[PDB]
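Quick notes on the structure that follows.
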Amino acid sequence: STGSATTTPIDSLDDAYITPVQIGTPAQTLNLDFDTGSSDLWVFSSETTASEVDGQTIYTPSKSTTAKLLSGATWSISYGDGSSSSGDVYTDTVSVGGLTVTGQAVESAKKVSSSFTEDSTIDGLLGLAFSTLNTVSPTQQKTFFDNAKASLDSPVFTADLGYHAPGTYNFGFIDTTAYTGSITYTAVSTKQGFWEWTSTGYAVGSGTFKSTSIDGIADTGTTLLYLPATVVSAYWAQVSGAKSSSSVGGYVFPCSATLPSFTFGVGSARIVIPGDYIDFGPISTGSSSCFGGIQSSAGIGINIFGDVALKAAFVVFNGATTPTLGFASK
């Protein structure tokens with residue numbers, strides 16, 4: 001089997017991407033944030049605290065003939081940005097782009113943090129990291145990909161995120177028309193439950209490539225590119241007037257700037273992030289200070305190749321017995 005679904009930016013800045021997902025019978029379609037940095041499939045629901053729902057589409061398990069309470073199971077997750085959600089668990093039929101999993105754990109939110117309430121466009125998350133990170137207790141549950149894998153033509157999924165445009169998540173096949181040149185594969189460590197890999201270095205604009213190992217995660221659920229302070233300083237030093245602002249919470253730059261590109265290494269291959277991908281616009285409406293898309297990972301504890309990086313590439317998440325990651329230009 002295979003599946004193929006379009007993923008769409010939630011706003012003009014590509015702050016996140018949503019992908020329609022069919023849950024239950026008859027189908028209830030919710031727009032979920034596919035997140036290769038976490039491993040829970042959770043949804044706004046008929047059980048979510050009423051005051052914490054503001055415009056989201058909800059899953060109502062009582063209206064699904066295939067829903068079953070997973071008795072005694074609860075979940076609770078806290079994300080790196082400080083957001084969180086928790087609740088109980090149903091199993092139900094879940095389909096993405098024509099690919100169907102029966103008996104998928106659908107984690108129904110009873111509580112969500114303010115950041116989720118305040119974003120009407122995200123109806124929940126669909127985790128695509130390793131199932132060892134799944135938070136369901138007392139019986140840990142599998143991700144949608146883990147459940148689908150044995151049925152797939154090939155045990156892979158691909159992320160093809162657009163810059164200010166829709167893109168595609170494919171399951172079970174590699175679309176050889178979706179990228180240019182060749183795909184370069186690189187080793188993955190699953191020890192922390194992430195798609196963790198080591199970049200071979202970077203360049204800023206037309207500058208020389210610096211060979212240096214940068215361990216980090218491929219994370220579709222994180223907006224920005226978070227890298228070591230040394231690397232980030234070297235980037236922003238090439239932008240007149242750019243500075244790190246403690247009050248804003250990262251590097252800002254004059255909105256009048258033309259940003260340089262940023263290149264990262266994948267083995268001997270190179271992925272170029274155009275400068276425009278690094279512009280996240282005014283810090284507040286009408287401001288001439290703009291927020292940068294490359295930020296320091298210092299104090300996160302891990303480097304994160306988020307959407308800023310991934311949308312410059314066609315990315316293969318290879319879930320073979322020994323997982324790997326592939327990157328191609330596009």
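Quick note on naming: the chains in the structure tokens go A, B, ... in the order shown, residues restart at 1 in each chain, and ligands are numbered from 1 in order of appearance.
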Every residue of region 35-242 of chain A that DSSP places in strand (DSSP E), as a PyMOL selection string: chain A and resi 35+41-43+68-78+84-96+99-112+124-127+156-160+167-171+184-187+196-204+210-218+225-227
So that each row is one residue of region 208-267 of chain A with an atom at most 10 Å from region 311-324 of chain A, can you give its shortest atom pair and the distance in Å to one decimal, using only C-alpha atoms, rows by chain and rising number, as a Markdown table?
```
| residue | atom | partner | partner_atom | distance |
| --- | --- | --- | --- | --- |
| A:218 | CA | A:315 | CA | 9.0 |
| A:220 | CA | A:311 | CA | 8.9 |
| A:263 | CA | A:312 | CA | 9.8 |
```
Nearest residue to residue 160 (chain A) from the set A:175, A:146, A:11, A:81 (distances using only C-alpha atoms): A:175
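The gap separating CA of residue 169 (chain A) from CA of residue 152 (chain A) is 14.1 Å, in Å to one decimal.
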Region 133-144 of chain A environment, 9 Å, only C-alpha atoms, sequence neighbours closer than 2 positions dropped, as a PDB file with C-alpha atoms, in the first residue's frame:
```pdb
ATOM      1  CA  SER A  38       7.219  13.477  18.484  1.00  0.00           C
ATOM      2  CA  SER A  39       5.311  10.207  18.587  1.00  0.00           C
ATOM      3  CA  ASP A  40       1.737  10.899  19.725  1.00  0.00           C
ATOM      4  CA  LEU A  41      -1.291  11.249  17.457  1.00  0.00           C
ATOM      5  CA  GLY A  72      -7.303   2.861  31.457  1.00  0.00           C
ATOM      6  CA  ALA A  73      -4.955   4.556  29.007  1.00  0.00           C
ATOM      7  CA  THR A  74      -3.941   8.190  29.497  1.00  0.00           C
ATOM      8  CA  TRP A  75      -1.390  10.442  27.852  1.00  0.00           C
ATOM      9  CA  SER A  76       0.376  13.695  28.619  1.00  0.00           C
ATOM     10  CA  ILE A  77       2.968  15.465  26.531  1.00  0.00           C
ATOM     11  CA  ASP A  88      -7.379   9.678  27.301  1.00  0.00           C
ATOM     12  CA  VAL A  89      -7.189   7.286  24.350  1.00  0.00           C
ATOM     13  CA  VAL A  94      -7.136   6.462  10.603  1.00  0.00           C
ATOM     14  CA  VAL A 101      -4.543   1.908   9.559  1.00  0.00           C
ATOM     15  CA  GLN A 104      -4.629   3.313  15.566  1.00  0.00           C
ATOM     16  CA  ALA A 105      -4.319   4.965  18.980  1.00  0.00           C
ATOM     17  CA  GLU A 107      -5.228  10.369  21.806  1.00  0.00           C
ATOM     18  CA  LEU A 126       0.388  13.272  14.132  1.00  0.00           C
ATOM     19  CA  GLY A 127       3.720  12.077  15.490  1.00  0.00           C
ATOM     20  CA  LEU A 128       6.244  10.453  13.155  1.00  0.00           C
ATOM     21  CA  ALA A 129       9.284  10.022  15.429  1.00  0.00           C
ATOM     22  CA  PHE A 130      10.023   6.593  16.928  1.00  0.00           C
ATOM     23  CA  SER A 131       7.324   4.908  18.973  1.00  0.00           C
ATOM     24  CA  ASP A 146       4.907   2.171  12.731  1.00  0.00           C
ATOM     25  CA  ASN A 147       1.439   0.617  12.378  1.00  0.00           C
ATOM     26  CA  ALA A 148       1.373   1.120   8.599  1.00  0.00           C
ATOM     27  CA  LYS A 149       4.933   0.008   7.893  1.00  0.00           C
ATOM     28  CA  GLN A 192      16.868   9.431  21.775  1.00  0.00           C
ATOM     29  CA  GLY A 193      13.767   8.410  19.792  1.00  0.00           C
ATOM     30  CA  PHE A 194      14.328  11.013  17.064  1.00  0.00           C
TER      31      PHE A 194
END
```
Residue neighbourhood region 266-277 of chain A, 9 Å, only C-alpha atoms, exclusion window fewer than 2 positions, as a count of residues only: 33
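Near residue 224 (chain A), within 7 Å and counting only C-alpha atoms, sit residues 222, 226, 293, 294, 306, 307 and 308 of chain A; same-chain residues fewer than 2 positions away were not included.
Take CA of residue 114 (chain A) and CA of residue 8 (chain A): the distance between them is 22.6 Å.
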Shell of 9 Å around region 301-303 of chain A, only C-alpha atoms, local chain residues under 6 positions omitted, as an MDAnalysis selection string: chainID A and resid 214:217 225:228
